[PDB]
Each structure stands twice: as C-alpha cells, then as structure tokens.
$ cat protein24.cif   # mmCIF, C-alpha atoms and all ligand atoms
data_protein
loop_
_atom_site.group_PDB
_atom_site.id
_atom_site.type_symbol
_atom_site.label_atom_id
_atom_site.label_comp_id
_atom_site.auth_asym_id
_atom_site.auth_seq_id
_atom_site.Cartn_x
_atom_site.Cartn_y
_atom_site.Cartn_z
ATOM 1 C CA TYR A 1316 0.000 0.000 0.000
ATOM 2 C CA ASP A 1317 2.940 2.360 -0.645
ATOM 3 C CA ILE A 1318 1.440 5.312 -2.539
ATOM 4 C CA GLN A 1319 4.873 6.479 -3.729
ATOM 5 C CA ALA A 1320 6.241 3.121 -4.929
ATOM 6 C CA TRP A 1321 5.211 3.660 -8.532
ATOM 7 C CA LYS A 1322 7.943 6.233 -9.114
ATOM 8 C CA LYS A 1323 10.948 3.928 -8.664
ATOM 9 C CA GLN A 1324 9.003 1.161 -10.426
ATOM 10 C CA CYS A 1325 8.575 3.501 -13.426
ATOM 11 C CA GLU A 1326 12.255 4.509 -13.263
ATOM 12 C CA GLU A 1327 13.223 0.838 -13.427
ATOM 13 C CA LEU A 1328 10.800 0.109 -16.252
ATOM 14 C CA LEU A 1329 12.234 3.073 -18.217
ATOM 15 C CA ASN A 1330 15.746 1.634 -17.625
ATOM 16 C CA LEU A 1331 14.597 -1.685 -19.158
ATOM 17 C CA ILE A 1332 13.001 0.204 -22.060
ATOM 18 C CA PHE A 1333 16.240 2.136 -22.706
ATOM 19 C CA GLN A 1334 18.178 -1.183 -22.840
ATOM 20 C CA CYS A 1335 15.657 -2.623 -25.391
ATOM 21 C CA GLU A 1336 16.946 -2.181 -28.959
ATOM 22 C CA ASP A 1337 13.328 -1.577 -29.992
ATOM 23 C CA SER A 1338 13.340 1.736 -28.062
ATOM 24 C CA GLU A 1339 16.135 3.379 -30.048
ATOM 25 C CA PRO A 1340 13.821 5.337 -32.460
ATOM 26 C CA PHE A 1341 11.857 6.590 -29.442
ATOM 27 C CA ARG A 1342 14.628 7.556 -26.981
ATOM 28 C CA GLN A 1343 14.850 11.153 -28.123
ATOM 29 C CA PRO A 1344 12.397 13.428 -29.993
ATOM 30 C CA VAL A 1345 11.834 12.450 -33.677
ATOM 31 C CA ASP A 1346 14.410 14.250 -35.835
ATOM 32 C CA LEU A 1347 12.564 16.910 -37.764
ATOM 33 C CA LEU A 1348 15.468 17.206 -40.263
ATOM 34 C CA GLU A 1349 15.127 13.469 -41.106
ATOM 35 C CA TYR A 1350 11.272 13.636 -41.144
ATOM 36 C CA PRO A 1351 10.364 17.207 -42.234
ATOM 37 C CA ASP A 1352 6.597 16.598 -42.404
ATOM 38 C CA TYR A 1353 6.473 15.120 -38.855
ATOM 39 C CA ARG A 1354 4.717 18.087 -37.236
ATOM 40 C CA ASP A 1355 2.156 18.213 -40.102
ATOM 41 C CA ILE A 1356 0.936 14.784 -38.830
ATOM 42 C CA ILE A 1357 1.866 14.788 -35.135
ATOM 43 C CA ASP A 1358 0.461 17.449 -32.828
ATOM 44 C CA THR A 1359 2.234 16.407 -29.632
ATOM 45 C CA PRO A 1360 5.636 14.786 -29.934
ATOM 46 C CA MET A 1361 6.706 12.486 -27.116
ATOM 47 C CA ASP A 1362 9.760 10.351 -26.456
ATOM 48 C CA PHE A 1363 11.217 8.296 -23.578
ATOM 49 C CA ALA A 1364 13.835 10.847 -22.540
ATOM 50 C CA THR A 1365 11.039 13.439 -22.081
ATOM 51 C CA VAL A 1366 9.062 10.868 -20.056
ATOM 52 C CA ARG A 1367 12.064 10.073 -17.847
ATOM 53 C CA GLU A 1368 12.890 13.775 -17.395
ATOM 54 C CA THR A 1369 9.273 14.555 -16.455
ATOM 55 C CA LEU A 1370 9.345 11.720 -13.919
ATOM 56 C CA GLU A 1371 12.720 12.761 -12.502
ATOM 57 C CA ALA A 1372 11.623 16.407 -12.242
ATOM 58 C CA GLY A 1373 8.704 15.310 -10.025
ATOM 59 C CA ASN A 1374 6.250 16.425 -12.695
ATOM 60 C CA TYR A 1375 4.109 13.303 -12.763
ATOM 61 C CA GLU A 1376 1.590 12.981 -9.950
ATOM 62 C CA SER A 1377 0.640 9.373 -10.778
ATOM 63 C CA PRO A 1378 1.739 6.440 -12.931
ATOM 64 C CA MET A 1379 -1.455 7.008 -15.006
ATOM 65 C CA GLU A 1380 -0.011 10.308 -16.214
ATOM 66 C CA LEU A 1381 3.276 8.610 -17.164
ATOM 67 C CA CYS A 1382 1.338 5.849 -18.890
ATOM 68 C CA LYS A 1383 -0.616 8.473 -20.962
ATOM 69 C CA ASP A 1384 2.685 9.976 -22.214
ATOM 70 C CA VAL A 1385 4.211 6.573 -23.015
ATOM 71 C CA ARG A 1386 1.033 5.622 -24.887
ATOM 72 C CA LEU A 1387 1.380 8.894 -26.844
ATOM 73 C CA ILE A 1388 4.832 7.750 -28.063
ATOM 74 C CA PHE A 1389 3.113 4.641 -29.475
ATOM 75 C CA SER A 1390 0.088 6.402 -30.936
ATOM 76 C CA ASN A 1391 2.406 8.939 -32.600
ATOM 77 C CA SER A 1392 4.335 6.056 -34.184
ATOM 78 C CA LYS A 1393 1.089 4.525 -35.451
ATOM 79 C CA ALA A 1394 -0.111 7.864 -36.803
ATOM 80 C CA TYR A 1395 3.190 8.741 -38.504
ATOM 81 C CA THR A 1396 3.946 5.357 -40.018
ATOM 82 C CA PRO A 1397 3.415 5.139 -43.794
ATOM 83 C CA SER A 1398 2.777 1.398 -43.374
ATOM 84 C CA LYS A 1399 1.641 -0.981 -40.657
ATOM 85 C CA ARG A 1400 4.622 -3.143 -41.816
ATOM 86 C CA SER A 1401 7.227 -0.377 -41.386
ATOM 87 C CA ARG A 1402 10.358 -1.160 -39.374
ATOM 88 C CA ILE A 1403 9.974 1.635 -36.794
ATOM 89 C CA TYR A 1404 6.253 0.991 -36.310
ATOM 90 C CA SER A 1405 6.947 -2.750 -35.846
ATOM 91 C CA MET A 1406 9.491 -1.858 -33.144
ATOM 92 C CA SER A 1407 6.866 0.350 -31.456
ATOM 93 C CA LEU A 1408 4.361 -2.539 -31.347
ATOM 94 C CA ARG A 1409 6.789 -4.838 -29.598
ATOM 95 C CA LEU A 1410 7.873 -2.117 -27.216
ATOM 96 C CA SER A 1411 4.244 -1.276 -26.468
ATOM 97 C CA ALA A 1412 3.459 -4.903 -25.608
ATOM 98 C CA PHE A 1413 6.470 -5.004 -23.296
ATOM 99 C CA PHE A 1414 5.473 -1.705 -21.638
ATOM 100 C CA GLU A 1415 1.822 -2.738 -21.171
ATOM 101 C CA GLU A 1416 2.873 -6.091 -19.682
ATOM 102 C CA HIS A 1417 5.028 -4.340 -17.094
ATOM 103 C CA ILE A 1418 2.967 -1.222 -16.320
ATOM 104 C CA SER A 1419 -0.159 -3.194 -15.410
ATOM 105 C CA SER A 1420 1.063 -4.112 -11.897
ATOM 106 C CA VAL A 1421 2.430 -0.606 -11.316
ATOM 107 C CA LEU A 1422 -1.012 0.884 -12.012
ATOM 108 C CA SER A 1423 -2.811 -1.801 -10.015
ATOM 109 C CA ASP A 1424 -0.557 -1.364 -6.986
ATOM 110 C CA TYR A 1425 -0.876 2.423 -7.088
ATOM 111 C CA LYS A 1426 -4.661 2.359 -7.377
ATOM 112 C CA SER A 1427 -4.902 -0.208 -4.580
ATOM 113 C CA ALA A 1428 -2.642 1.971 -2.376
ATOM 114 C CA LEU A 1429 -4.844 4.993 -3.005
ATOM 115 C CA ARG A 1430 -7.994 3.042 -2.188
ATOM 116 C CA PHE A 1431 -6.380 1.827 1.061
ATOM 117 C CA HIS A 1432 -5.474 5.399 1.946
ATOM 118 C CA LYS A 1433 -9.126 6.520 1.432
ATOM 119 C CA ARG A 1434 -10.631 3.401 3.101
HETATM 120 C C1 LIG A 1501 8.816 8.076 -35.905
HETATM 121 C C2 LIG A 1501 8.268 7.014 -36.824
HETATM 122 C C3 LIG A 1501 7.191 6.233 -36.423
HETATM 123 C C4 LIG A 1501 6.692 5.229 -37.230
HETATM 124 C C5 LIG A 1501 7.271 4.972 -38.463
HETATM 125 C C6 LIG A 1501 8.344 5.742 -38.915
HETATM 126 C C7 LIG A 1501 8.917 5.413 -40.268
HETATM 127 O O1 LIG A 1501 9.753 6.269 -40.768
HETATM 128 O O2 LIG A 1501 8.565 4.421 -40.875
HETATM 129 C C8 LIG A 1501 8.853 6.786 -38.084
HETATM 130 N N1 LIG A 1501 9.890 7.585 -38.498
#
$ encode --input "protein24.cif" --output "structure tokens"
Amino acid sequence: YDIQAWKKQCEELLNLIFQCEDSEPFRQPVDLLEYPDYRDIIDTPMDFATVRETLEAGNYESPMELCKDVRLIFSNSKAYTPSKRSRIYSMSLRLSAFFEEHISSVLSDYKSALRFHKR
C-alpha cells in the first residue's frame, strides 16, 4: 500500500526500455530534419527521454499520467507510419506490448494503495 512506490518502479521500467533495442527510435524526440513533415501529422511529440525527465523532475503525480505519455509515443508512431509493416512501427508494437505487460502491476498497486489510503 505504498502510494509512492510507482515512481521507482517507473524509473526501473524506463531503464529496461532504454536497454531494449526496440526503443532506439523513441529515446529522443523524432528528428525533424530526417522527417520534415512530422509536425504536419503529429500534434504532440513524445519520447522516452522526455518521459524520464518529467518523472525525474517530479512532474508526474501518478503512474497514469506517465502511462498516458508513453502511450502517446506509441500512438504517434502509429499515426506517422506510412505502413503498418514499417520497421519503426513494428518496433513500437513490440515495445508497447512489453510496456503494457510491465505497467499493469504498477497501475494496479498504485490504485490499490490509493484506495487503502481513502478506506
Ligand atoms: C517516428 C516514426 C514512427 C513510425 C514509423 C516511422 C517510419 O519512418 O517508418 C517513423 N519515423
């Protein structure tokens, strides 16, 4: 029932994501010089270094907020991809499955801790 435990759990999950080869296209903001039409398609860029920095700055109040930004990295990849068979999009799908498999317990534990606090 530790209400703060999600933060280190998210830090550790981001460390695993950064070690995953599938995260490399998503570690830093998409290069606008390499993809000059990116901002014509994508309204809100997001990347894992921005997520980690937001977490480390104490600018997430809950793991749900972190999860919304990570999901935005994946929806941006799906929206920008020219093909559902593209290399970078395929990497995003695998990374998303890995993230969802690991974030589930973080969210469950946090929500349970909050319910216990308000019991
Ligand atoms: C950022 C991004 C997401 C999804 C697909 C691509 C691609 O160039 O195929 C891409 N550059």
$ resolve_selection --input "protein24.cif" --expression "the PyMOL selection byres (((chain A and resi 1406-1423) around 7) and not hetatm)" --output "list in words"
residues 1321, 1324, 1337, 1338, 1378, 1379, 1389, 1392, 1402, 1403, 1404, 1405, 1424, 1425, 1426 and 1427 of chain A
$ write_last_selection --input "protein24.cif" --atoms "C-alpha atoms" --output "short mmCIF file (atom, residue, chain, number, x, y, z; two decimals), in the frame of the given file"
data_model
loop_
_atom_site.label_atom_id
_atom_site.label_comp_id
_atom_site.auth_asym_id
_atom_site.auth_seq_id
_atom_site.Cartn_x
_atom_site.Cartn_y
_atom_site.Cartn_z
CA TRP A 1321 5.21 3.66 -8.53
CA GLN A 1324 9.00 1.16 -10.43
CA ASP A 1337 13.33 -1.58 -29.99
CA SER A 1338 13.34 1.74 -28.06
CA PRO A 1378 1.74 6.44 -12.93
CA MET A 1379 -1.46 7.01 -15.01
CA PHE A 1389 3.11 4.64 -29.48
CA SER A 1392 4.34 6.06 -34.18
CA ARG A 1402 10.36 -1.16 -39.37
CA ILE A 1403 9.97 1.64 -36.79
CA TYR A 1404 6.25 0.99 -36.31
CA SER A 1405 6.95 -2.75 -35.85
CA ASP A 1424 -0.56 -1.36 -6.99
CA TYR A 1425 -0.88 2.42 -7.09
CA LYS A 1426 -4.66 2.36 -7.38
CA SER A 1427 -4.90 -0.21 -4.58
#
$ resolve_selection --input "protein24.cif" --expression "the PyMOL selection byres (((not hetatm)) within 9 of (chain A and resi 1501))" --output "count of residues only"
28
$ closest_residue --input "protein24.cif" --among "A:1366, A:1434, A:1429, A:1316" --to "residue 1380 of chain A" --atoms "only C-alpha atoms"
A:1366
$ resolve_selection --input "protein24.cif" --expression "the PyMOL selection byres (((chain A and resi 1370) around 12) and not hetatm)" --output "ChimeraX atom specification"
/A:1321-1329,1363-1369,1371-1382,1384-1385
$ atom_distance --input "protein24.cif" --atom1 "atom CA of residue 1383 of chain A" --atom2 "atom CA of residue 1356 of chain A"
19.0 Å
$ closest_residue --input "protein24.cif" --among "A:1319, A:1335, A:1431, A:1347" --to "residue 1360 of chain A" --atoms "all atoms listed in the file"
A:1347
$ atom_distance --input "protein24.cif" --atom1 "atom CA of residue 1339 of chain A" --atom2 "atom CA of residue 1361 of chain A"
13.4 Å
$ atom_distance --input "protein24.cif" --atom1 "atom CA of residue 1320 of chain A" --atom2 "atom CA of residue 1432 of chain A"
13.8 Å
$ closest_residue --input "protein24.cif" --among "A:1342, A:1348, A:1433, A:1354" --to "residue 1330 of chain A" --atoms "only C-alpha atoms"
A:1342
$ axis_aligned_box --input "protein24.cif" --around "segment 1357-1362 of chain A" --padding-each-side "3 Å" --output "JSON"
{"center_x": 5.1, "center_y": 13.9, "center_z": -30.8, "size_x": 15.3, "size_y": 13.1, "size_z": 14.7}
